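Peer 1: Could you have a look at this structure, given as structure tokens, before my questions?
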Amino acid sequence: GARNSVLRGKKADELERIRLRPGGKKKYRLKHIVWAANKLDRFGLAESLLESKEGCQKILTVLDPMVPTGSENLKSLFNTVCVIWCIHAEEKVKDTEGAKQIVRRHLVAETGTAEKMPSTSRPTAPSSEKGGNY
């Protein structure tokens, strides 16, 4: 909504350094961010989440299940969001592939603590239903 450029000086040096492929010559650019942001808008998510670790994490969780229920046009985004989050979590990568791994490992670790199911999520609110319509 404000300013013209979002990428920083040092941060950019890392993004522009990352290559779209492991052995290719193409690197990440604003072009890829746009196509990604536009998707979040139509999909139903926010765009400001692309500039926040906590935000990008909320997006990956949505595109996660979209993999087994989407096509290349979808996988591309998922592989793009995994790169943005890293930049926010202070993770140095080399190629889209390497970045995808760093993220995956971080997810499997969080989805591997269901051997107890502790009291984390608050219970249903105390709804007192008495009577009917007026």
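Throughout, chain A uses Swiss-Prot numbering, with the displayed residues spanning 2-135 in order.
Quick reminder: no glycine exception, Cβ is built from N, Cα and C everywhere.
The N-myristoyl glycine annotation in Swiss-Prot covers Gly2. The feature region 'Interaction with Gp41' is assigned by Swiss-Prot to 7-31, with similarity to another entry given as support. Residues or ranges marked as motif 'Nuclear export signal' in Swiss-Prot: 16-22. As annotated by Swiss-Prot, motif 'Nuclear localization signal' applies to 26-32. According to Swiss-Prot, the feature compositional bias 'Polar residues' maps to 119-128. Per Swiss-Prot, the feature phosphotyrosine maps to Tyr135; the stated evidence is similarity to another entry.
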Peer 1: Indicate whether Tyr135 (phosphotyrosine) is helix, strand or coil by DSSP.
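Peer 2: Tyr135 (phosphotyrosine) sits in coil per DSSP, no helix or strand.
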Peer 1: Test of understanding: give the count of other CB atoms lying within 10 angstroms of the CB of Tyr135 (phosphotyrosine).
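Peer 2: Cβ-Cβ neighbours of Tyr135 (phosphotyrosine) within 10 Å number 3.
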Peer 1: Can you tell me how far the Cα of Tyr135 (phosphotyrosine) sits from the Cα of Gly2 (N-myristoyl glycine), in Å?
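Peer 2: The Cα atom of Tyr135 (phosphotyrosine) is 45 Å away from the Cα atom of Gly2 (N-myristoyl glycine).
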